[PDB]
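*Asks:* So that we are looking at the same thing, I have put the structure below in C-alpha cells.
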Amino acid sequence: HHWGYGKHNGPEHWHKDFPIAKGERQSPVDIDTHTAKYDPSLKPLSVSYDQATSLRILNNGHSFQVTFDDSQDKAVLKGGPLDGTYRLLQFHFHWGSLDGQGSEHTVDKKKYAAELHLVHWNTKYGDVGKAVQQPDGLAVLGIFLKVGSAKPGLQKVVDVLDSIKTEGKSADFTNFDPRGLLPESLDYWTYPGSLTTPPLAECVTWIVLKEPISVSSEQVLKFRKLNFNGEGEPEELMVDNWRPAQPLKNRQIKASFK
Ligand SMILES: C[C@@]12CCC[C@H]1[C@@H]1CCc3cc(OS(N)(=O)=O)ccc3[C@H]1CC2
Ligand SMILES: [Zn+2]
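The opening residue of the sequence shown carries number 3 in UniProt numbering; numbering runs sequentially from there.
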C-alpha cells in the first residue's frame, strides 16, 4: 500500500507516512498575484542549458521523467533568488484527466492543464540525496502548460511515451534539448517550499514562471495514455498526478516583475 493519487492513498493520506506533509513550508501553493510583492532586488534567472546531456526517460508510477547527467556543471540554474549553482537532475510533469486541472501551483486559483518541473540541486552539497536534507538544497523551475497550439520542442518526448507506458519502464533518451520547453519570458514568482511528492522534504526554492507554454490537445492526450500500474496489473490511467495547493502559512511569495 504505497502512496499515490487515488482515494485511498492520495495526498490527503500522505501525512501518515510523511508527517512533514503538514509542515510550515509545503508545496504547491496558490499564487495570489495581487499579494505577491515585487522585489526589485531579485536578479534575472540564469538558465544555462547549452551543454545539457539527457540520458533516459522513465515511468516511475507517479510521473515520467527525463534524466540528465548531473556529474558536472553542464546544465545549471543560477541567479534569480539563488545563491550558488544548481545542476539539472531531471524534468517531469503533472497533469489532469481534463484540461481544467493538472497543475500543482495555481494562479489566483486558476488551474492549468499541466505543470513542468525542472529539478536542480545545489552543488555545494555534492549530491542530490544530501541536498534534499538542506533548506536550500533544491531549486525547481515550474512552467505552466495550457492547451492550444502545439509545443514543437515537446514532441520528441510525447513520441516515446508509448515505450514507457507502465511503471518501471525506461528508454534511452539522448540529445533532448530542454531549452525547447521554455516560454519567452523568465519573469517569475519565488517562495520557499517543498517536494510535492513523498518524501515532501522542505528543501526547495520554488521558481514559477509567469508565462505558460502552450501544448496541443494531441500532446496532452499522449500524457493521459500512460499508466500508474505495472504491466500485468489492472490498467489505471496516469492522470491527476498533482498535489493540491497547501497552506501558505508564514511565507511571502515574491515577484521578479512589475
Ligand atoms: C529520489 C529522492 C531521494 C534522493 C533524491 C530525491 C528526489 C529529488 C527530486 C524529487 C522531485 C520531486 O517532484 S517535485 N514535484 O517536488 O519536483 C519529488 C521527489 C523528489 C525526490 C524523491 C526521493
Ligand atoms: Zn513535480
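Each residue gets a CB set at the ideal place from its N, CA and C atoms; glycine is no exception.
In terms of residues, what are the limits of the beta strand (DSSP E) holding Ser50?
*Replies:* First-last of the beta strand (DSSP E) with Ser50: 47-50.
*Asks:* Using a strict less-than 6 Å threshold between each residue's beta carbon and the heavy atoms of ligand 2, what residues do you get?
*Replies:* Spelled out in chain order, the answer is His94, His96, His119, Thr198.
*Asks:* Nearest by alpha-carbon distance to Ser258: which of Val210, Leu91, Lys18 is it?
*Replies:* For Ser258, the nearest C-alpha among the options comes from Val210.
*Asks:* Touching or not, the stretch 129-141 and the stretch 195-205, by the rule of three or more beta carbon pairs under 8 Å?
*Replies:* Touching, per the Cβ criterion.
*Asks:* With distances taken Cα to Cα, identify the nearest neighbour of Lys45 among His15, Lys80, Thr55.
*Replies:* Looking at the Cα atoms, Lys80 is the closest of the given residues.
*Asks:* When you compare only the Cα positions, how much space is there between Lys158 and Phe178?
*Replies:* About 8 Å.
*Asks:* Exposed or buried, what is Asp85 when buried is set at 16 or more other beta-carbons lying within 10 Å of its beta-carbon?
*Replies:* Burial call: exposed.
*Asks:* Report yes if the CB atom of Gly195 is closer than 8 Å to the CB atom of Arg27, and no otherwise.
*Replies:* In this structure, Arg27 lies closer than 8 Å to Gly195 by Cβ.
*Asks:* Using the three-state DSSP reduction, which class does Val241 fall into: helix, strand or coil?
*Replies:* Three-state DSSP puts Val241 in coil, outside helix and strand.
*Asks:* Closest to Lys171 by CA distance: which of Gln67, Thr55, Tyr40 is it?
*Replies:* Nearest C-alpha to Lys171: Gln67.
*Asks:* Return the first residue and the last residue of the beta strand (DSSP E) that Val159 is part of.
*Replies:* Unbroken run through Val159 is the alpha helix (DSSP H), 157-162; no beta strand (DSSP E).
*Asks:* Candidates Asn252, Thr168, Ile59, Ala247: which alpha carbon is nearest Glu235's?
*Replies:* Ranking the options by Cα distance to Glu235, first place goes to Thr168.
*Asks:* Given a threshold of 16 other Cβ atoms within 10 Å of its Cβ, counted over all protein chains shown, does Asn124 qualify as buried or as exposed?
*Replies:* Buried.
*Asks:* By Cβ distance, which residues of its chain are closer than 7 Å to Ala247, with the 5 residues on each side in sequence left out?
*Replies:* Once the five neighbours on either side are set aside, the close Cβ partners of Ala247 are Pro30, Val31, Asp32, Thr108.
*Asks:* If you check the beta carbons only, do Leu47 and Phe70 fall under 8 Å apart?
*Replies:* No.
*Asks:* Between which two residues does the beta strand (DSSP E) harbouring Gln103 extend?
*Replies:* Premise fails: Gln103 is in no beta strand (DSSP E) and is neither H nor E.
*Asks:* Need the endpoints of the alpha helix (DSSP H) that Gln221 sits in, please.
*Replies:* Counting along the chain, the alpha helix (DSSP H) containing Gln221 begins and ends at 219-225.
*Asks:* For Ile166, which residues from the same chain have a beta carbon less than 8 Å from its beta carbon, with the 5 sequence-adjacent residues on both sides left out?
*Replies:* Hits under 8 Å: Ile59, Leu60, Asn61, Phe66, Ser172, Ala173, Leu228.
*Asks:* What residue does the beta strand (DSSP E) around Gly195 start on, and which one ends it?
*Replies:* Where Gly195 is concerned, the enclosing beta strand (DSSP E) stretches over 190-195.
*Asks:* For ligand 1, any of its heavy atoms closer than 7 Å to the Cβ of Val121?
*Replies:* Flag set: Cβ of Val121 near ligand 1.
*Asks:* If you drop the 5 nearest sequence neighbours on each side, which residues of the same chain put their C-beta closer than 6 Å to that of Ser219?
*Replies:* Excluding residues within five positions, the ones whose Cβ falls inside 6 Å are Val149.
*Asks:* Could you have a look at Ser56 and say whether DSSP puts it in helix, strand or coil?
*Replies:* If DSSP states are grouped into helix, strand and coil, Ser56 belongs with the strands.
*Asks:* Does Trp208 come out as helix, strand or coil in the three-state DSSP assignment?
*Replies:* DSSP places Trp208 in strand when its eight states are reduced to three.
*Asks:* Note down, in chain order, each residue of its chain lying with its Cβ closer than 7 Å to the Cβ of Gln92, except the 5 sequence neighbours on either side.
*Replies:* Cβ neighbours of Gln92 beyond the five flanking positions: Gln67, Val68, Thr69, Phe70, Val121.
*Asks:* Consider the C-beta atom of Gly131 and the heavy atoms of ligand 4; say whether any pair is separated by less than 7 Å.
*Replies:* Of the ligands this structure carries, namely ligand 1 and ligand 2, none is ligand 4.
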